[PDB]
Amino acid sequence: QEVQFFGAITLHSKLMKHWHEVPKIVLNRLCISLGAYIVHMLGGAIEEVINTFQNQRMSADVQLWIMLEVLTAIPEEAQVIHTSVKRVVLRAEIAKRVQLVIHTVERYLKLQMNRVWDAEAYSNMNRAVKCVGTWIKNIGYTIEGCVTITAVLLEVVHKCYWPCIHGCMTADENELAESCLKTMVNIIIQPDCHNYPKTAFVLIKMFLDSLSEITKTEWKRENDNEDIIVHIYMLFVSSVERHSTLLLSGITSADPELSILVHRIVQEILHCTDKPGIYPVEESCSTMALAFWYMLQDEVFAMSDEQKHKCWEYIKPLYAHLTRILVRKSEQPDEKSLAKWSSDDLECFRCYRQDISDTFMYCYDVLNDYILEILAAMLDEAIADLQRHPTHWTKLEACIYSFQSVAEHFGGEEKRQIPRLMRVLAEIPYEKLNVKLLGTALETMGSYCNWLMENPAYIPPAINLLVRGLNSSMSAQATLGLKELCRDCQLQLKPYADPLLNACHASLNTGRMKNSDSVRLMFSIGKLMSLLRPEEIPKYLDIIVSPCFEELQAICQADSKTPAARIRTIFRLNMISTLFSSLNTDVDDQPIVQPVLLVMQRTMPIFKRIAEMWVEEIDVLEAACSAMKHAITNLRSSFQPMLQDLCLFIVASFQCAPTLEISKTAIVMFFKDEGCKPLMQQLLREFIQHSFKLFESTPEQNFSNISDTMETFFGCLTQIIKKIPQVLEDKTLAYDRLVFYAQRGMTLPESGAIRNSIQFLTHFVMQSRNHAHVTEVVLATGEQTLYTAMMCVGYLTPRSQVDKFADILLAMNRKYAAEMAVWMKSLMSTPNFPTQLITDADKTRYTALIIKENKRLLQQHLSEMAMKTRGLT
């Protein structure tokens, strides 16, 4: 029973794959196999088959179904058949039969239209339309002949849609309609040797004249049959996108029929975009018009003097009308309706809103600053609606979001609509309405921060709104916006420093605010503490920064080891890091001494203690090292006195990846000047030595277990070598050991280790040419390196990781072409088996190809070679 299908499938696979070997579902598979068999013959067979099956010599409907499955399997088979003849020739041959097929299915449909429709007849007509469809898509057909069958298909669509109305279709009838619309789409987007405006125009006019009744009868109601509508609109949109020259010419041309056609189409697309309901729960049409609007605006921009001006005269009011629709379409469901929504629907709506914002951008491209006038008017309408109905928050949120969508273009001036928006944002009660409105208002206020930078006046209501936002559950948006307000127009916020800090501290005392939001707020608080009088700065250091250290000390006293204590410690460390990431005294009076440094000096032993307590957990260490790193990044120049204690701390941490990372940042930052070279060189020596001591762990277990450490290690080493060439001048380090462990690095299965090891070796090879001390090491370990590379490409590494190896070969080429030539020739010709599978001739040829070369070509060669070595298919 179920195995019979496996038998038939075996027959199908055998027939398709091994023609050279020979010199319900089961029925369909059999028909497909018959189709392939008919496709293999060059010497018409299709005519004979069609005649034989239509003659009903062999159930008549079943026979027809078989015929249709054969005919449908015929062209799709040629696209994947392992035919002996040239593919293009095969397609060109079937192109002779396409007309006969179209005629056969045409006559069949014309005959089936009169009779009454059983379910088998539904399935048959469906299979017929689908046959014509796949035939048109796979093989090109002249539209001239496609006209009549298009008319027939239209009639079929109508016969499917009309009897269903009182309402819903039978789904099977719906299926037939969908198939018809889809094959019509296939017909209209077909490539034409000669693009005739007349024929395309005829097809479009047929589409409109036939489907407009349906679209009209279904647009007003929240119709259940979304499929037919969305596929008719699909047909319109697709057809227009396929021939847009016709559309633009139609806008310019004085031919009444063409202009009327264009107007009617654009109207249908407008209705599609302005379909009532919310996407996608109540309506799914609006998504396929956005692309059209994009393309239209772009094409109008590209085609432009002369008649282009006349084009603008048409598309300007059109896009003005479009913007208003988009604002309504950006409306999110209220608290009630959202209950029906699924998570996927909400995400889909979010992406939808992103698309809407993009479309808003294009609308700005068309309308310039007038889009602000439109958005403003709508915002007013929203306010008036609010006055009429104190519950409504949707329209307001939509208008505000719309304003946020265009925030990038304007900059600071001239505006004259941004201030109005600000006043509206300050007017709104927030407390009375939903909080989502408040959150969006916060995001939008954050989007206009540069505008606030250009205008000093409107800052206090903005900061007030942000505080109100910090009070609410939309604190994430409030803090994103606050950070965005601190990054720019920082200097203008100097008078409002202390009150803002009191507000942030107030928000911090309340237990509600989420942990992440507190971190971001710590960024904002640091940036805001930067612009403070030196006498007032310790007060906030004791109020804001101190409770973090107190809590860290409390965990150290309790000895902790509870998960909550872990989360809390990490949290505090994050707040601290982020505070350090923004607190910079130097601006453009100002305190002489940096506060961060002072705090470091006071808190270093707490870092040591926290390091000792959580040596087992890498998370806490990563957090602390993040604090140090953010510190260094902030005050790069003025960090000098604490760096010695930082070296003591790092050494204390050695006695892990984040330690290597902080070491890296420290070296890259300091090694340049002023006695920092001794400290950085010493620290480097320790950094490498301890790593070696860790490497002394067994390769078999450690290699896979300590792969992350290896990746981080070689990454850091790569970046520091790239940053400072003077590092290689030092002869104290054990370069040979490092090399060996890198060659081991290439072996590891993990992608990161491979990439970082290969990169490190590459840059080491690049920097080795300049210094003799390094060139001795390269000459000493070059052959080993090429051997490991070739083993890795050959069998060792995963096949998807072969690409990574070409770079080191290139480095070897540039820095030492002779050595690569001799070493590759030796290591490839001498061995009997780099691997057994690869042929000597092909191997030698590939080797010749590698030493001569581009990274892409070498990647292709290395890949092909790898396939040959592994003996892959």
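Note that residue numbering begins at 1 and tracks the sequence as displayed.
In this entry, residue 166 and residue 167 are separated by 1 to 3 residues of the deposited sequence that lack coordinates. The entry models residue 655 and residue 656 with a gap of 1 to 3 deposited residues left without coordinates. Of the two stretches examined, 194-202 and 381-389, the record assigns the greater average C-alpha temperature factor to 194-202.
Per-stretch averaging of Cα B factors for 349-357 and 103-111 places 103-111 on top. Among 439, 140, 794, 145, the highest C-alpha B-factor recorded in the PDB entry belongs to 140. As recorded in the PDB entry, 493 shows the highest C-alpha B-factor of the residues 570, 529, 611, 493.
In this PDB entry, the Cα temperature factor of residue 411 sits in the top third of its chain's modelled residues, the highest group. For residue 804, the recorded CA temperature factor ranks within the lowest third of the chain's modelled residues. Per the PDB record, residue ranking by Cα B-factor puts residue 207 in the lowest third of the chain. Ranked within its chain, residue 82 lands in the highest third, by CA B factor from the PDB record.
When all modelled residues of the chain are sorted by CA temperature factor, residue 507 is found within the highest third.
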